[PDB]
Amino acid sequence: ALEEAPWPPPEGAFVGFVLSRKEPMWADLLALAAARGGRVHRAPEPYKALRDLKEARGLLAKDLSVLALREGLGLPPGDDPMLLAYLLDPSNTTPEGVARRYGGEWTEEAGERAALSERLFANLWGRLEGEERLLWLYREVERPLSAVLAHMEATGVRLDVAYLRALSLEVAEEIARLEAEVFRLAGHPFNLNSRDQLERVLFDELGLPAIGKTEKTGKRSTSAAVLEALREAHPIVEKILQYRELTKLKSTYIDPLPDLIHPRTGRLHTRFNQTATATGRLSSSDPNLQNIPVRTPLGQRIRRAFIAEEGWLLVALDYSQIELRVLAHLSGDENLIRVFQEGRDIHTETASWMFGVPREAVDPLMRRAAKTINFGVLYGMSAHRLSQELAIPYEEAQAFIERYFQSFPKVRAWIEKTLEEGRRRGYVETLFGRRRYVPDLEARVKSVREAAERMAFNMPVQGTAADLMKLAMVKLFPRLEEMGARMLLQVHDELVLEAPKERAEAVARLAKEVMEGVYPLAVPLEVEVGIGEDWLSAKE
């Protein structure tokens, strides 16, 4: 019922747009529109009309901003109803769901999307009236962050395409040797990529013991954890596990990545989704650059393909024991706090016990393997699983889960306190007040209930760490532009920067200080920083 008015609209209008595809760096701006003051303005030519806007206000404001930056236009994203709804409830991840829940319908017409954005913002803003903690997260964190993420996506990252092309040819030959040996041992060829066909060969034909079942379908599992106990006694299992590793890296990273280079920027562009997680974390998609291999030596080779522009250097900064430090602040445990005040390393100490090796002989590989243990046990890891991963008896596993807790009596108390709030209020909170609704805390089925519990007390820890990182990105970004530096990637507790070689050292120091003193806790926040030509070298 809005009054149709000719383009352009006045400043402050809510924008509506339609893309040919979800990726703003690859999308064709099909239509553009705006709504304000009971009026709607439809653009005759979307691309030309994009120059008329001063800022992007409305649903998916960041995506339009990325496309604008792609066209060399300085169009910063502003108010976004998606961010408002996401703070009220992280379950609000899609424009279709948000519009349905908060008044309206997500259609495929720009004018209607513009009117929807204006209408959704008014209602959602009313929902936040009174929520001062959520409003603070919106004004001081989420909204300015959308501008930062827009620049990150539009900038992209340089990739050594020729290196990955040559690597693909080499790996393919290595894969052929493994699959050929598997088929020989099986006595017949089959689809090794098919876990169903593999299940028959291993358990029915070869008569191997089945120790685990799948979650949904309840089939005999062929996962790495299951095959691990079988790998040393049987050669074929060893071959499969090696086959799994090669094909995983080749089909997910080595092959698709080089084909995603933008023809105009010459770099690889990912998407940093701001409303996709239930804890407040960001996510990376199309392609996912938050899961680039780093553990295995072969996986490290892939990470070397991520390089800096000529004359530039990569700067990688990582928070040290971030969730363990957050836990000390939230729980207020005197003992755990003093641990960080003395400058101890839990990850190193745990690895010392796992491998029976002095603290001065613990390599990075050993230390990273202890992360799964420390974080695992912390968030309710069964004593059975730990004994299976460490190749140690179940009795030694029980003692470790135990010994992990008595040192800090407050941690147990914080968990139980957190769970009660979730059962009563219906949600749990981070340090800054970010919520997550966990209804299954009172489920009558124990497996479902206990699973919901583990989701419940993990959120304040993972979420707070996410809030700290987001706030750090907001403060650091303008400091990089003034130095001619770039913010490329975010990996939960890691920031990948690109700086000129004559300013790389200065950027590294500044970014480190910003991240460490973004929001002081009861324990000091430490950050490890490295500089290199590639991502792997940038992290020592």
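We call the rigid core the largest set of C-alpha positions that still match within 1.5 Å between the two forms. Residues carry their position along the shown sequence, with the first being 1.
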item: Of 448-456 and 80-88, which departs more from this form in 8 other deposited structures of this protein by CA RMS after core fitting; value: 448-456
item: Stretch with larger C-alpha RMS deviation in 8 other deposited structures of this protein, core superposed, 523-531 versus 19-27; value: 19-27
item: Average Cα temperature factor in the PDB entry - higher stretch of 101-109, 430-438; value: 101-109
item: Segment of higher mean CA temperature factor, 215-223 or 351-359; value: 351-359
item: Out of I292, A276, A308, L298, highest CA B-factor residue; value: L298
item: Residue selected from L330, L257, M366, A115 by maximal Cα B factor; value: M366
item: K475, C-alpha B-factor rank within chain (lowest, middle or highest third); value: lowest
item: Chain-wide C-alpha B factor ranking for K248, given as lowest, middle or highest third; value: lowest
item: Within-chain third of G78 by Cα B-factor, per the entry; value: middle
item: Chain third (lowest, middle, highest) by recorded CA B-factor, residue given as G156; value: lowest
item: Chain thirds of CA B-factor: placement of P460; value: lowest
